[PDB]
>>> print(open('run-v3.cif').read())   # mmCIF, C-alpha atoms
data_protein
#
loop_
_atom_site.group_PDB
_atom_site.id
_atom_site.type_symbol
_atom_site.label_atom_id
_atom_site.label_comp_id
_atom_site.auth_asym_id
_atom_site.auth_seq_id
_atom_site.Cartn_x
_atom_site.Cartn_y
_atom_site.Cartn_z
ATOM 1 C CA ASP A 298 -4.865 -9.597 -25.368
ATOM 2 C CA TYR A 299 -7.860 -11.514 -26.718
ATOM 3 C CA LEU A 300 -8.535 -12.720 -23.156
ATOM 4 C CA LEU A 301 -10.217 -9.425 -22.240
ATOM 5 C CA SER A 302 -12.459 -9.440 -25.322
ATOM 6 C CA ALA A 303 -16.108 -10.417 -25.021
ATOM 7 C CA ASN A 304 -15.361 -13.650 -26.904
ATOM 8 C CA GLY A 305 -12.425 -14.421 -24.618
ATOM 9 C CA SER A 306 -14.429 -13.657 -21.475
ATOM 10 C CA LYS A 307 -17.281 -15.911 -22.591
ATOM 11 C CA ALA A 308 -14.931 -18.767 -23.499
ATOM 12 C CA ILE A 309 -13.186 -18.541 -20.104
ATOM 13 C CA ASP A 310 -16.556 -18.732 -18.370
ATOM 14 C CA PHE A 311 -17.607 -21.702 -20.516
ATOM 15 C CA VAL A 312 -14.503 -23.787 -19.822
ATOM 16 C CA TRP A 313 -14.507 -22.846 -16.136
ATOM 17 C CA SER A 314 -18.190 -23.490 -15.464
ATOM 18 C CA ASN A 315 -18.601 -26.685 -17.475
ATOM 19 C CA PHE A 316 -15.244 -28.384 -16.985
ATOM 20 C CA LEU A 317 -12.373 -26.867 -15.041
ATOM 21 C CA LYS A 318 -14.081 -26.144 -11.703
ATOM 22 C CA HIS A 319 -15.128 -29.813 -11.291
ATOM 23 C CA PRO A 320 -13.317 -32.813 -9.776
ATOM 24 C CA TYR A 321 -11.459 -35.505 -11.638
ATOM 25 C CA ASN A 322 -13.145 -38.872 -12.205
ATOM 26 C CA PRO A 323 -12.467 -41.409 -9.405
ATOM 27 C CA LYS A 324 -12.853 -44.283 -11.871
ATOM 28 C CA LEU A 325 -9.638 -43.075 -13.565
ATOM 29 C CA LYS A 326 -7.503 -42.745 -10.429
ATOM 30 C CA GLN A 327 -5.459 -45.929 -10.912
ATOM 31 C CA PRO A 328 -5.237 -49.005 -13.169
ATOM 32 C CA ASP A 329 -6.533 -52.389 -12.103
ATOM 33 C CA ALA A 330 -4.202 -54.920 -10.491
ATOM 34 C CA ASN A 331 -3.315 -56.698 -13.753
ATOM 35 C CA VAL A 332 -2.425 -53.485 -15.575
ATOM 36 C CA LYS A 333 -0.437 -52.306 -12.532
ATOM 37 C CA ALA A 334 1.582 -55.533 -12.502
ATOM 38 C CA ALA A 335 2.455 -55.312 -16.208
ATOM 39 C CA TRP A 336 3.292 -51.608 -15.843
ATOM 40 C CA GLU A 337 5.600 -52.240 -12.878
ATOM 41 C CA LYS A 338 7.785 -54.559 -14.998
ATOM 42 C CA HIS A 339 8.890 -51.479 -16.992
ATOM 43 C CA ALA A 340 11.422 -49.940 -14.616
ATOM 44 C CA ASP A 341 12.006 -47.024 -17.029
ATOM 45 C CA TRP A 342 8.341 -45.924 -16.938
ATOM 46 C CA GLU A 343 7.128 -43.373 -14.436
ATOM 47 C CA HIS A 344 4.973 -45.114 -11.833
ATOM 48 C CA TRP A 345 1.264 -45.702 -12.465
ATOM 49 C CA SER A 346 0.414 -43.458 -9.509
ATOM 50 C CA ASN A 347 0.848 -40.668 -12.060
ATOM 51 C CA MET A 348 -2.788 -41.429 -12.827
ATOM 52 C CA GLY A 349 -3.898 -40.276 -9.387
ATOM 53 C CA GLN A 350 -1.282 -37.525 -8.868
ATOM 54 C CA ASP A 351 -2.258 -33.916 -8.158
ATOM 55 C CA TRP A 352 -5.894 -34.879 -7.628
ATOM 56 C CA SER A 353 -6.896 -31.894 -5.498
ATOM 57 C CA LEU A 354 -5.261 -29.256 -3.298
ATOM 58 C CA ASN A 355 -6.573 -27.768 -0.059
ATOM 59 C CA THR A 356 -6.306 -23.972 0.127
ATOM 60 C CA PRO A 357 -7.702 -21.423 2.590
ATOM 61 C CA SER A 358 -10.258 -20.443 -0.124
ATOM 62 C CA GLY A 359 -11.486 -24.005 -0.738
ATOM 63 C CA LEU A 360 -10.535 -27.429 -2.041
ATOM 64 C CA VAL A 361 -9.149 -26.933 -5.561
ATOM 65 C CA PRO A 362 -9.794 -29.824 -7.993
ATOM 66 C CA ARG A 363 -7.348 -30.681 -10.800
ATOM 67 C CA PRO A 364 -4.763 -28.176 -9.449
ATOM 68 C CA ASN A 365 -2.100 -29.063 -12.031
ATOM 69 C CA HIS A 366 -4.486 -28.610 -15.022
ATOM 70 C CA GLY A 367 -6.995 -26.052 -13.809
ATOM 71 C CA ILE A 368 -7.956 -22.487 -14.620
ATOM 72 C CA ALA A 369 -4.563 -21.025 -13.642
ATOM 73 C CA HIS A 370 -2.681 -23.352 -16.003
ATOM 74 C CA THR A 371 -5.265 -22.736 -18.745
ATOM 75 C CA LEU A 372 -5.060 -18.963 -18.509
ATOM 76 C CA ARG A 373 -1.253 -18.987 -18.325
ATOM 77 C CA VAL A 374 -0.830 -21.021 -21.503
ATOM 78 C CA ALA A 375 -3.317 -18.700 -23.235
ATOM 79 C CA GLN A 376 -1.458 -15.623 -21.935
ATOM 80 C CA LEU A 377 1.889 -17.023 -23.112
ATOM 81 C CA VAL A 378 0.810 -17.399 -26.762
ATOM 82 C CA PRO A 379 1.096 -13.740 -27.928
ATOM 83 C CA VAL A 380 4.443 -13.301 -26.172
ATOM 84 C CA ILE A 381 5.836 -16.496 -27.694
ATOM 85 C CA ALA A 382 4.734 -15.234 -31.114
ATOM 86 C CA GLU A 383 6.765 -12.068 -30.566
ATOM 87 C CA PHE A 384 9.841 -14.071 -29.577
ATOM 88 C CA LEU A 385 9.515 -16.370 -32.604
ATOM 89 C CA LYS A 386 9.233 -13.400 -34.976
ATOM 90 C CA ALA A 387 12.236 -11.691 -33.355
ATOM 91 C CA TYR A 388 14.633 -14.601 -32.802
ATOM 92 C CA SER A 389 13.711 -17.687 -34.863
ATOM 93 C CA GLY A 390 15.158 -16.419 -38.130
ATOM 94 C CA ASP A 391 12.339 -18.332 -39.846
ATOM 95 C CA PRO A 392 10.117 -16.193 -42.111
ATOM 96 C CA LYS A 393 7.249 -18.670 -41.711
ATOM 97 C CA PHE A 394 6.385 -17.007 -38.389
ATOM 98 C CA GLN A 395 5.330 -13.868 -40.258
ATOM 99 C CA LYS A 396 2.093 -15.707 -41.074
ATOM 100 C CA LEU A 397 1.236 -15.022 -37.403
ATOM 101 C CA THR A 398 -1.136 -12.118 -37.934
ATOM 102 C CA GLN A 399 -3.130 -10.828 -34.973
ATOM 103 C CA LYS A 400 -6.111 -12.931 -36.099
ATOM 104 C CA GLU A 401 -3.969 -16.074 -36.254
ATOM 105 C CA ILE A 402 -2.440 -15.411 -32.821
ATOM 106 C CA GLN A 403 -5.897 -14.754 -31.388
ATOM 107 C CA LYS A 404 -7.133 -18.127 -32.669
ATOM 108 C CA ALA A 405 -4.118 -19.881 -31.147
ATOM 109 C CA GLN A 406 -4.687 -18.085 -27.825
ATOM 110 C CA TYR A 407 -8.404 -18.954 -27.917
ATOM 111 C CA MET A 408 -7.631 -22.645 -28.488
ATOM 112 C CA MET A 409 -5.521 -22.743 -25.323
ATOM 113 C CA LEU A 410 -8.635 -22.037 -23.285
ATOM 114 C CA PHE A 411 -9.887 -25.486 -24.369
ATOM 115 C CA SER A 412 -6.570 -27.321 -24.063
ATOM 116 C CA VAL A 413 -7.328 -29.329 -20.895
ATOM 117 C CA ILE A 414 -11.129 -29.352 -20.559
ATOM 118 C CA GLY A 415 -11.351 -33.034 -21.511
ATOM 119 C CA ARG A 416 -9.154 -34.243 -18.666
ATOM 120 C CA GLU A 417 -10.590 -36.667 -16.150
ATOM 121 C CA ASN A 418 -7.234 -37.243 -14.400
ATOM 122 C CA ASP A 419 -3.756 -35.705 -14.494
ATOM 123 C CA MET A 420 -1.993 -38.363 -16.583
ATOM 124 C CA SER A 421 0.303 -37.465 -19.453
ATOM 125 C CA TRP A 422 0.248 -38.622 -23.050
ATOM 126 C CA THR A 423 3.208 -40.862 -22.221
ATOM 127 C CA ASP A 424 1.345 -42.227 -19.185
ATOM 128 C CA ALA A 425 -1.584 -43.131 -21.446
ATOM 129 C CA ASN A 426 0.760 -44.847 -23.903
ATOM 130 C CA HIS A 427 2.011 -46.879 -20.937
ATOM 131 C CA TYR A 428 -1.481 -47.770 -19.739
ATOM 132 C CA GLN A 429 -2.394 -48.955 -23.232
ATOM 133 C CA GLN A 430 0.756 -51.066 -23.578
ATOM 134 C CA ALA A 431 0.474 -52.449 -20.029
ATOM 135 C CA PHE A 432 -3.136 -53.404 -20.826
ATOM 136 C CA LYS A 433 -1.995 -55.256 -23.966
ATOM 137 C CA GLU A 434 0.674 -57.059 -21.947
ATOM 138 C CA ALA A 435 -1.689 -57.968 -19.092
ATOM 139 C CA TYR A 436 -4.618 -59.108 -21.226
ATOM 140 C CA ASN A 437 -3.262 -61.335 -24.017
ATOM 141 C CA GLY A 438 -2.707 -58.535 -26.506
ATOM 142 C CA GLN A 439 -6.184 -57.031 -26.154
ATOM 143 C CA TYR A 440 -6.757 -53.479 -27.328
ATOM 144 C CA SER A 441 -7.871 -50.568 -25.172
ATOM 145 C CA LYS A 442 -8.735 -47.003 -26.087
ATOM 146 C CA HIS A 443 -6.014 -44.399 -25.485
ATOM 147 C CA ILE A 444 -7.146 -42.471 -22.397
ATOM 148 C CA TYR A 445 -5.413 -39.195 -23.258
ATOM 149 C CA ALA A 446 -6.743 -39.192 -26.832
ATOM 150 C CA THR A 447 -10.247 -39.676 -25.410
ATOM 151 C CA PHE A 448 -9.723 -36.575 -23.261
ATOM 152 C CA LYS A 449 -8.862 -34.606 -26.398
ATOM 153 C CA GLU A 450 -11.928 -35.840 -28.310
ATOM 154 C CA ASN A 451 -14.129 -34.764 -25.412
ATOM 155 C CA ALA A 452 -12.411 -31.369 -25.469
ATOM 156 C CA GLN A 453 -13.157 -31.034 -29.194
ATOM 157 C CA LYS A 454 -16.817 -31.735 -28.465
ATOM 158 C CA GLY A 455 -16.913 -29.033 -25.789
ATOM 159 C CA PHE A 456 -15.028 -26.551 -27.979
ATOM 160 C CA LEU A 457 -17.422 -27.076 -30.881
ATOM 161 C CA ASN A 458 -20.422 -26.905 -28.522
ATOM 162 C CA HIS A 459 -19.338 -23.472 -27.298
ATOM 163 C CA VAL A 460 -18.475 -22.135 -30.748
ATOM 164 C CA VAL A 461 -21.766 -23.146 -32.395
ATOM 165 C CA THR A 462 -23.687 -21.723 -29.432
ATOM 166 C CA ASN A 463 -21.852 -18.429 -30.058
ATOM 167 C CA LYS A 464 -21.346 -18.791 -33.807
ATOM 168 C CA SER A 465 -22.499 -15.307 -34.807
ATOM 169 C CA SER A 466 -19.938 -13.773 -32.434
ATOM 170 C CA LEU A 467 -17.081 -16.015 -33.623
ATOM 171 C CA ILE A 468 -17.629 -16.439 -37.380
ATOM 172 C CA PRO A 469 -16.273 -14.728 -39.341
ATOM 173 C CA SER A 470 -14.574 -12.395 -36.824
ATOM 174 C CA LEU A 471 -12.324 -15.126 -35.351
ATOM 175 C CA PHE A 472 -12.767 -18.178 -37.620
ATOM 176 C CA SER A 473 -13.547 -17.272 -41.222
ATOM 177 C CA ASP A 474 -15.994 -20.129 -41.797
ATOM 178 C CA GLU A 475 -16.961 -23.604 -40.652
ATOM 179 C CA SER A 476 -14.160 -25.211 -42.670
ATOM 180 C CA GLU A 477 -11.479 -23.147 -40.933
ATOM 181 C CA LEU A 478 -13.164 -23.830 -37.583
ATOM 182 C CA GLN A 479 -12.887 -27.545 -38.352
ATOM 183 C CA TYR A 480 -9.114 -27.334 -38.866
ATOM 184 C CA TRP A 481 -8.654 -25.506 -35.570
ATOM 185 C CA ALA A 482 -10.843 -27.994 -33.687
ATOM 186 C CA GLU A 483 -8.685 -30.799 -35.059
ATOM 187 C CA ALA A 484 -5.613 -28.907 -33.792
ATOM 188 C CA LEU A 485 -6.722 -29.710 -30.213
ATOM 189 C CA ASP A 486 -5.698 -33.327 -30.891
ATOM 190 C CA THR A 487 -2.126 -32.893 -29.684
ATOM 191 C CA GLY A 488 0.049 -36.000 -29.490
ATOM 192 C CA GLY A 491 6.930 -33.065 -35.911
ATOM 193 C CA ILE A 492 4.243 -30.378 -35.604
ATOM 194 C CA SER A 493 5.392 -28.084 -38.404
ATOM 195 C CA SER A 494 2.885 -25.242 -38.831
ATOM 196 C CA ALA A 495 3.660 -21.815 -37.385
ATOM 197 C CA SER A 496 0.496 -21.792 -35.261
ATOM 198 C CA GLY A 497 1.059 -25.392 -34.176
ATOM 199 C CA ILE A 498 4.581 -24.600 -32.983
ATOM 200 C CA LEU A 499 3.232 -21.546 -31.171
ATOM 201 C CA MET A 500 0.650 -23.538 -29.191
ATOM 202 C CA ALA A 501 3.101 -26.346 -28.460
ATOM 203 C CA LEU A 502 5.638 -23.948 -26.942
ATOM 204 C CA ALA A 503 3.023 -22.488 -24.584
ATOM 205 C CA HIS A 504 2.291 -25.980 -23.309
ATOM 206 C CA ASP A 505 5.996 -26.791 -23.036
ATOM 207 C CA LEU A 506 6.902 -23.657 -21.078
ATOM 208 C CA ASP A 507 4.228 -24.124 -18.444
ATOM 209 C CA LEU A 508 5.482 -27.662 -17.706
ATOM 210 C CA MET A 509 8.084 -26.099 -15.403
ATOM 211 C CA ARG A 510 5.232 -26.277 -12.848
ATOM 212 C CA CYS A 511 5.455 -30.096 -12.727
ATOM 213 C CA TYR A 512 8.766 -31.208 -14.315
ATOM 214 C CA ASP A 513 11.986 -31.344 -12.332
ATOM 215 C CA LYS A 514 14.933 -29.298 -13.621
ATOM 216 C CA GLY A 515 16.697 -32.125 -15.451
ATOM 217 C CA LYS A 516 13.547 -33.179 -17.287
ATOM 218 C CA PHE A 517 12.485 -29.626 -18.085
ATOM 219 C CA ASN A 518 15.920 -28.618 -19.340
ATOM 220 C CA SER A 519 16.404 -31.726 -21.491
ATOM 221 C CA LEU A 520 12.916 -32.185 -22.932
ATOM 222 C CA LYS A 521 11.676 -28.588 -23.138
ATOM 223 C CA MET A 522 14.443 -26.006 -22.873
ATOM 224 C CA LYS A 523 16.807 -27.476 -25.492
ATOM 225 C CA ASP A 524 14.037 -27.396 -28.106
ATOM 226 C CA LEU A 525 13.029 -23.828 -27.217
ATOM 227 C CA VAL A 526 16.597 -22.528 -27.484
ATOM 228 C CA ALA A 527 16.971 -24.172 -30.895
ATOM 229 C CA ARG A 528 13.641 -22.674 -32.032
ATOM 230 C CA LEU A 529 14.922 -19.219 -31.082
ATOM 231 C CA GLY A 530 17.939 -19.679 -33.354
ATOM 232 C CA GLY A 531 20.157 -21.012 -30.574
ATOM 233 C CA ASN A 532 19.638 -17.798 -28.591
ATOM 234 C CA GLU A 533 19.858 -18.954 -24.967
ATOM 235 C CA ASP A 534 19.471 -15.405 -23.633
ATOM 236 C CA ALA A 535 16.182 -14.946 -25.486
ATOM 237 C CA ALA A 536 14.959 -18.370 -24.365
ATOM 238 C CA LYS A 537 15.727 -17.484 -20.751
ATOM 239 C CA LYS A 538 13.790 -14.207 -21.055
ATOM 240 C CA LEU A 539 10.776 -16.146 -22.314
ATOM 241 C CA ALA A 540 11.090 -18.856 -19.658
ATOM 242 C CA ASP A 541 11.475 -16.143 -17.008
ATOM 243 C CA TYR A 542 8.117 -14.719 -18.118
ATOM 244 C CA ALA A 543 6.466 -18.151 -17.839
ATOM 245 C CA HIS A 544 8.024 -18.472 -14.381
ATOM 246 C CA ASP A 545 6.716 -15.059 -13.359
ATOM 247 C CA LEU A 546 3.172 -15.974 -14.463
ATOM 248 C CA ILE A 547 3.400 -19.120 -12.340
ATOM 249 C CA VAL A 548 4.554 -17.140 -9.289
ATOM 250 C CA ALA A 549 1.844 -14.520 -9.939
ATOM 251 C CA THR A 550 -0.849 -17.222 -9.619
ATOM 252 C CA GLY A 551 0.663 -18.951 -6.565
ATOM 253 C CA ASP A 552 1.437 -22.132 -8.487
ATOM 254 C CA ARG A 553 4.298 -24.509 -7.855
ATOM 255 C CA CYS A 554 7.479 -24.149 -9.888
ATOM 256 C CA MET A 555 9.785 -27.182 -10.019
ATOM 257 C CA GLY A 556 11.604 -27.169 -13.342
ATOM 258 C CA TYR A 557 13.092 -23.734 -13.871
ATOM 259 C CA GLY A 558 14.291 -20.585 -12.165
ATOM 260 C CA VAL A 559 13.502 -19.639 -8.573
ATOM 261 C CA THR A 560 11.648 -22.769 -7.516
ATOM 262 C CA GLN A 561 8.764 -22.750 -5.058
ATOM 263 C CA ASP A 562 5.971 -24.805 -3.570
ATOM 264 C CA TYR A 563 2.404 -23.563 -3.933
ATOM 265 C CA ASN A 564 1.472 -20.312 -2.245
ATOM 266 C CA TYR A 565 -1.770 -21.803 -0.931
ATOM 267 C CA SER A 566 -3.549 -18.517 -0.265
ATOM 268 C CA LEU A 567 -2.732 -16.966 -3.652
ATOM 269 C CA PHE A 568 -3.216 -20.213 -5.571
ATOM 270 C CA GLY A 569 -6.621 -20.786 -4.003
ATOM 271 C CA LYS A 570 -7.759 -17.263 -4.814
ATOM 272 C CA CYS A 571 -6.659 -17.575 -8.446
ATOM 273 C CA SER A 572 -7.835 -21.165 -8.896
ATOM 274 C CA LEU A 573 -11.396 -20.500 -7.690
ATOM 275 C CA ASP A 574 -12.000 -17.184 -9.508
ATOM 276 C CA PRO A 575 -10.993 -16.946 -13.182
ATOM 277 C CA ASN A 576 -11.275 -13.155 -13.328
ATOM 278 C CA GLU A 577 -8.975 -12.778 -10.307
ATOM 279 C CA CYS A 578 -6.546 -15.234 -11.860
ATOM 280 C CA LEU A 579 -6.519 -13.210 -15.079
ATOM 281 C CA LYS A 580 -5.969 -9.972 -13.139
ATOM 282 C CA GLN A 581 -2.887 -11.388 -11.407
ATOM 283 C CA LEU A 582 -1.552 -12.685 -14.739
ATOM 284 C CA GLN A 583 -1.827 -9.358 -16.528
ATOM 285 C CA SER A 584 0.004 -7.570 -13.681
ATOM 286 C CA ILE A 585 3.218 -9.256 -14.889
ATOM 287 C CA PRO A 586 5.161 -7.123 -17.402
ATOM 288 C CA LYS A 587 5.639 -8.690 -20.795
ATOM 289 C CA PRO A 588 9.269 -9.176 -21.857
ATOM 290 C CA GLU A 589 10.908 -6.998 -24.493
ATOM 291 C CA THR A 590 12.347 -8.396 -27.711
ATOM 292 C CA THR A 591 15.301 -6.697 -29.415
#
>>> encode(input="run-v3.cif", output="structure tokens")
Amino acid sequence: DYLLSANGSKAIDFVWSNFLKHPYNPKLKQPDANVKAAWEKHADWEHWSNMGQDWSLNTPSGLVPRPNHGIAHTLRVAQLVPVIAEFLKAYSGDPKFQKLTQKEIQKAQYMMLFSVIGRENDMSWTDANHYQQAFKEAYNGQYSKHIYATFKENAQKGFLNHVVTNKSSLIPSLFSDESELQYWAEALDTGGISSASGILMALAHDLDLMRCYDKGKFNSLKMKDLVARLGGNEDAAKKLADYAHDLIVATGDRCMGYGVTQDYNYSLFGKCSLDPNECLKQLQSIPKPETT
């Protein structure tokens, strides 16, 4: 809803032009040999090649950088937020989700546009925990800065850069003042998360992970929590997950963790991933689900 507003359109262009259309950083593709060796001793950790995974994808429209955290992912998690808010109000049984006014939901949606602009590779928060621990184990206990947290700090810088550049359009219409803006900027620092808006943004992230989680991992680590958040209502959770799945299919993305699985549709994914307005058009063509 807010994505078609002037403020939404300008934020999409900002994150696309300054961050999301550009390649990952080759210096962050893999650990050094010592960190690799310490990492490999942890058989329960996903392999360090996670750092270099999903680097780029050839499509008929062009070579798409950061295909697993690009404009299609960004716009989908933003598009999910208002629908998730409706499901939480209808099915959670928790009155705290009545604090989700339109203005609150719009801020949460807006934040999603900035949710991956700091990335310089595709690694997860858990991957970065592993790099940091493997570094400690390889180098006599030495400290190293958490890579994923650094991504998030860089995203906060870019978010605040855009907002101050457009402050008269965004305050007080979206953020009431600089103090409220500060709280929302700090909410980009995602690592339980107990606020209504925080839960809302977290569920958008969690749903879209069906693009890159297998079914066992998605069902265990994401679906169980969503069902419980909707008051144990599995039917409602499936309606919401079906909508996330349909947004993925609408943008040509891969779907591994839920529903009718598919590899990339390279033509459609390239068209959406290289043109934010086309991506948004395809997203909005998907009907929203109904809540009882």
>>> residues_around(input="run-v3.cif", residues="range 354-360 of chain A", least_positions_apart="5", cutoff="9 Å", atoms="only C-alpha atoms", output="NGL selection string")
:A and (564-570 or 573)
>>> resolve_selection(input="run-v3.cif", expression="the PyMOL selection byres ((chain A and resi 312) around 12)", output="ChimeraX atom specification")
/A:305-311,313-319,367-368,371-372,407-416,452-460,575
>>> residues_around(input="run-v3.cif", residues="residue 563 in chain A", least_positions_apart="3", cutoff="7 Å", atoms="all atoms listed in the file", output="PDB file with C-alpha atoms, in the frame of the given file")
ATOM      1  CA  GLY A 551       0.663 -18.951  -6.565  1.00  0.00           C
ATOM      2  CA  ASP A 552       1.437 -22.132  -8.487  1.00  0.00           C
ATOM      3  CA  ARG A 553       4.298 -24.509  -7.855  1.00  0.00           C
ATOM      4  CA  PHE A 568      -3.216 -20.213  -5.571  1.00  0.00           C
TER       5      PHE A 568
END
>>> axis_aligned_box(input="run-v3.cif", around="range 344-357 of chain A", padding_each_side="6 Å", output="lines of an AutoDock Vina configuration file")
center_x = -1.4
center_y = -33.6
center_z = -5.1
size_x = 24.7
size_y = 36.3
size_z = 27.4
>>> atom_distance(input="run-v3.cif", atom1="CA of residue 522 in chain A", atom2="CA of residue 549 in chain A")
21.4 Å
>>> resolve_selection(input="run-v3.cif", expression="the PyMOL selection byres ((chain A and resi 502) around 9)", output="ChimeraX atom specification")
/A:374,377-378,381,497-501,503-507,521,525
>>> build_atoms(input="run-v3.cif", residues="range 452-464 of chain A", atoms="N, CA and C atoms", output="PDB file, keeping the file's coordinate frame")
ATOM      1  N   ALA A 452     -12.657 -32.805 -25.389  1.00  0.00           N
ATOM      2  CA  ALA A 452     -12.411 -31.369 -25.469  1.00  0.00           C
ATOM      3  C   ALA A 452     -12.887 -30.792 -26.796  1.00  0.00           C
ATOM      4  N   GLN A 453     -12.681 -31.518 -27.899  1.00  0.00           N
ATOM      5  CA  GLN A 453     -13.157 -31.034 -29.194  1.00  0.00           C
ATOM      6  C   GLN A 453     -14.671 -30.882 -29.192  1.00  0.00           C
ATOM      7  N   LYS A 454     -15.368 -31.833 -28.577  1.00  0.00           N
ATOM      8  CA  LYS A 454     -16.817 -31.735 -28.465  1.00  0.00           C
ATOM      9  C   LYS A 454     -17.220 -30.478 -27.699  1.00  0.00           C
ATOM     10  N   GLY A 455     -16.567 -30.214 -26.565  1.00  0.00           N
ATOM     11  CA  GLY A 455     -16.913 -29.033 -25.789  1.00  0.00           C
ATOM     12  C   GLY A 455     -16.564 -27.742 -26.506  1.00  0.00           C
ATOM     13  N   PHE A 456     -15.397 -27.702 -27.157  1.00  0.00           N
ATOM     14  CA  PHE A 456     -15.028 -26.551 -27.979  1.00  0.00           C
ATOM     15  C   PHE A 456     -16.070 -26.268 -29.057  1.00  0.00           C
ATOM     16  N   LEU A 457     -16.442 -27.293 -29.821  1.00  0.00           N
ATOM     17  CA  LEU A 457     -17.422 -27.076 -30.881  1.00  0.00           C
ATOM     18  C   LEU A 457     -18.794 -26.717 -30.324  1.00  0.00           C
ATOM     19  N   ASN A 458     -19.180 -27.294 -29.182  1.00  0.00           N
ATOM     20  CA  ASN A 458     -20.422 -26.905 -28.522  1.00  0.00           C
ATOM     21  C   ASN A 458     -20.444 -25.406 -28.240  1.00  0.00           C
ATOM     22  N   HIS A 459     -19.385 -24.894 -27.620  1.00  0.00           N
ATOM     23  CA  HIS A 459     -19.338 -23.472 -27.298  1.00  0.00           C
ATOM     24  C   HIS A 459     -19.362 -22.614 -28.554  1.00  0.00           C
ATOM     25  N   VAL A 460     -18.590 -22.996 -29.577  1.00  0.00           N
ATOM     26  CA  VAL A 460     -18.475 -22.135 -30.748  1.00  0.00           C
ATOM     27  C   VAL A 460     -19.801 -22.070 -31.504  1.00  0.00           C
ATOM     28  N   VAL A 461     -20.490 -23.204 -31.672  1.00  0.00           N
ATOM     29  CA  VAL A 461     -21.766 -23.146 -32.395  1.00  0.00           C
ATOM     30  C   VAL A 461     -22.797 -22.361 -31.604  1.00  0.00           C
ATOM     31  N   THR A 462     -22.774 -22.487 -30.275  1.00  0.00           N
ATOM     32  CA  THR A 462     -23.687 -21.723 -29.432  1.00  0.00           C
ATOM     33  C   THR A 462     -23.445 -20.226 -29.567  1.00  0.00           C
ATOM     34  N   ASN A 463     -22.220 -19.829 -29.908  1.00  0.00           N
ATOM     35  CA  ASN A 463     -21.852 -18.429 -30.058  1.00  0.00           C
ATOM     36  C   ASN A 463     -21.353 -18.131 -31.468  1.00  0.00           C
ATOM     37  N   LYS A 464     -21.912 -18.826 -32.463  1.00  0.00           N
ATOM     38  CA  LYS A 464     -21.346 -18.791 -33.807  1.00  0.00           C
ATOM     39  C   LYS A 464     -21.354 -17.384 -34.397  1.00  0.00           C
TER      40      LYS A 464
END
